[PDB]
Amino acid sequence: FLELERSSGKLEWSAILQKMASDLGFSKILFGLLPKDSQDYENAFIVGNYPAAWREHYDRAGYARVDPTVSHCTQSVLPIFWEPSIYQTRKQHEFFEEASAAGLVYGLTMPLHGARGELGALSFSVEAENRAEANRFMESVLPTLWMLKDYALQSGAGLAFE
């Protein structure tokens, strides 16, 4: 964990975080953070290895308003796993359909709530045969991810905002 705070630049920080997650079985991650009282998702500090095309489409299509993982993070500090049942509206189902196309079917999002009011999300996406297997994979490393999201929050907020 230490290496995240004693890293020095965003490039290096992002690599380390990507490697920690990868080491926990996750090939794709996203770390997004907004400062206090903000809503400018355009100017949101973003880190990880989501497909670049998905990221740009996401941002263009205003999907942050449709993404149930985002609304959830505004309302809780607890993780949300990407289950069909979180995608409820037609919009959300079509978002689900596209997101699954970019290779984001299975995963979870840890809400991020910082000391200085920072708001964010750390998502981990995993590859598996089915949901039952994906969930086993995630559940096995869940207490580590839980520590990791707070470590990432503290060090990344310092990067993004100091």
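Residue indices: 1-based, along the sequence shown.
- Here the stretch with the larger average CA B-factor, out of 7-15 and 145-153, is 7-15.
- Of the two stretches examined, 44-52 and 128-136, the record assigns the greater average C-alpha temperature factor to 128-136.
- Residue 32: CA B factor in the middle third of modelled residues in this chain (values from the PDB entry).
- When all modelled residues of the chain are sorted by CA temperature factor, residue 101 is found within the highest third.
- Compared with the other modelled residues of the chain, the Cα B-factor recorded for residue 62 ranks in the highest third.
- Per the PDB record, residue ranking by Cα B-factor puts residue 76 in the lowest third of the chain.
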